[PDB]
Amino acid sequence: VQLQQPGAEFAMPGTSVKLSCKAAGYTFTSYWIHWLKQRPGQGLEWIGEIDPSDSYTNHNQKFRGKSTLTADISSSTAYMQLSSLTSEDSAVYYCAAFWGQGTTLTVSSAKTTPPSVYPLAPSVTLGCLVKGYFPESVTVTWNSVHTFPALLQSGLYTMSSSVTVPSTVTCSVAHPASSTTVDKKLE
Amino acid sequence: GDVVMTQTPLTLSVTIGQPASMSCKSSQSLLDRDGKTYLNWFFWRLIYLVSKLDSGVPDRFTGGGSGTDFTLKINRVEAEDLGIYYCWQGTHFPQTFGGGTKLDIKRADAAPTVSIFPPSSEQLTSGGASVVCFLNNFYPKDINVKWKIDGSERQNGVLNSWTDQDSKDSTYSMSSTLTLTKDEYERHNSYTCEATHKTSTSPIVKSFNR
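Protein chains in written order, with the working numbering: chain A, 276 to 462; chain B, 2 to 211.
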């Protein structure tokens with residue numbers, strides 16, 4: 276038994292996104308399908324539910340104006356459509372009957388944007404700032420490493436990485452969505 | 002939804018041989034009029050541990066009500082078992098979850114290694130100015146970073162990113178970035194990174210002069 280959701284979905288603000296949840300290994304109409312939202316560090320929130328056997332739906336009122344739930348008997352999939360998307364809808368959405376692995380929705384108007392790589396220079400600690408790219412993710416290598424989770428800000432990502440050496444150092448940043456690799460030497 | 006589920010602590014420090022207890026307090030009584038009380042515990046895809054206070058398949062957990070106050074006790078923690086625990090309710094429409102208790106490994110307290118970095122010449126060249134402050138290998142996770150420009154605290158435009166527990170040191174590292182425009186960065190001359198942590202009565206203060 277399992278529920279199949281795509282790993283990631285994207286949408287510009289103001290548009291709609293349709294999240295899919297395919298079922299297998301059990302008769303699709305025997306279980307209600309629930310949807311849940313999880314903003315980073317914000318608990319879980321129940322969105323609503325659909326009975327696949329008759330398409331009856333019910334909603335948490337907080338999400339009723341934004342979420343449309345449907346189910347397709349012919350293909351054993353359920354769908355949640357989210358409308359008038361806002362930066363507050365960037366979240367992981369699970370379907371559950373057993374759970375899906377969740378879909379990570381990112382709301383952004385950005386196009387694929389290679390990062391700017393800035394060297395952070397004064398045990399000596401060095402780092403470099405990787406700013407204003409889209410989308411995730413990015414690979415920063417050095418030549419004690421701390422790589423800090425990116426934060427989405429105004430549709431773009433920024434992250435930072437630090438290295439500590441005892442006393443030539445360069446940081447290498449690969450952004451495969453734009454197929455770019457930048458190397459910055461440090462002062 | 003409506004009922005609020007307040008969990009404490011946010012991060013519970015654990016030792017892999019010893020017991021552990023967490024709490025979940027509800028805004029409203031979960032005691033339902035059918036006699037039953039619909040409180041569950043989940044562990045994070047998310048999978049639930051307990052219904053109503055009984056386990057059902059985990060097992061080694063407890064498991065204790067009632068009314069508006071609930072607890073989850075592990076007689077002896079293992080590394081399984083390291084994660085976020087959410088409590089849950091259904092008195093009660095709609096169902097609500099708590100904010101979650103994250104379990105991490107208890108290590109000796111350690112102060113952060115603070116390093117402050119000015120905007121590089123390349124970024125100023127592009128009309129932006131970011132000031133970066135690294136707070137490295139500290140424990141526990143709870144920490145407070147404050148930015149000051151010419152001695153005055155700056156709240157706007159500060160993004161903080163934490164790593165997870167290292168798994169080698171059991172420490173955390175966090176990053177604090179203060180992004181200005183290039184024009185207003187040159188408008189000031191003293192940039193201060195101030196860090197308050199339990200390991201000291203006094204904040205670690207790193208700064209530079211533009």
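The C-beta atom is built at its ideal place from N, Cα and C for all residues, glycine as well.
Is it buried or exposed for residue i, if we count other Cβ within 10 angstroms and need 16 for buried?
i                      : result
residue 189 of chain B : exposed
residue 358 of chain A : exposed
residue 11 of chain B  : exposed
residue 288 of chain A : exposed
residue 19 of chain B  : exposed
residue 154 of chain B : exposed
residue 96 of chain B  : buried
residue 156 of chain B : exposed
Residues in the same chain with beta-carbon distance under 6 Å from residue i, minus the five sequence neighbours each way, listed in chain order, please.
i                      : result
residue 54 of chain B  : 64 and 66
residue 212 of chain B : The first residue shown for chain B is 2 and the last is 211, placing residue 212 of chain B beyond what the model contains.
residue 144 of chain B : 198
residue 308 of chain A : 325, 353, 370 and 372
residue 151 of chain B : 189 and 191
Based on Cα-Cα distance, which residue from the options lies nearest to residue i?
i                      : options                       : result
residue 457 of chain A : A:442, A:432 and A:414        : A:414
residue 440 of chain A : A:327, A:453, A:420 and A:296 : A:420
residue 331 of chain A : A:299, A:345 and A:428        : A:345
residue 29 of chain B  : B:17, B:69 and B:201          : B:69
residue 76 of chain B  : B:171, B:3, B:61 and B:86     : B:61
residue 203 of chain B : B:112, B:37, B:26 and B:86    : B:112
Got a sec? Which residues, its chain only, sit under 7 Å from residue i by beta carbon, not counting five neighbours each side?
i                      : result
residue 459 of chain A : 392, 394, 403, 445 and 446
residue 304 of chain A : 327, 328 and 348
residue 389 of chain A : 408, 450, 453 and 455
residue 58 of chain B  : none
residue 90 of chain B  : 4, 6, 27, 31, 39, 40, 96 and 97
Output yes if chain A places a C-beta closer than 8 Å to the C-beta of residue i; else output no.
i                      : result
residue 121 of chain B : yes
residue 96 of chain B  : yes
residue 46 of chain B  : yes
residue 100 of chain B : yes
With 8 Å set as the bound, which would you pick, yes or no: does the beta-carbon of residue i sit closer than that to a beta-carbon of chain B?
i                      : result
residue 380 of chain A : no
residue 320 of chain A : yes
residue 433 of chain A : yes
residue 418 of chain A : no
residue 374 of chain A : yes
residue 377 of chain A : yes
residue 288 of chain A : no
residue 389 of chain A : no
Quick one: what's got a C-beta closer than 8 Å to residue i's C-beta in the same chain, skipping five residues either side?
i                      : result
residue 387 of chain A : 409, 410, 452 and 453
residue 84 of chain B  : 44, 45, 103 and 104
* Taking 8 Å as the threshold, find out whether the region 373 to 385 of chain A comes into contact with the region 347 to 362 of chain A through three or more Cβ pairs. => With a cut-off of 8 Å, the region 347 to 362 of chain A and the region 373 to 385 of chain A count as touching, because enough Cβ pairs lie within range.
* Asked: For the region 23 to 37 of chain B against the region 119 to 126 of chain B, are there 3 or more C-beta pairs whose distance is under 8 Å?
  -> With fewer than three CB-CB distances shorter than 8 Å, the region 23 to 37 of chain B does not count as touching the region 119 to 126 of chain B.
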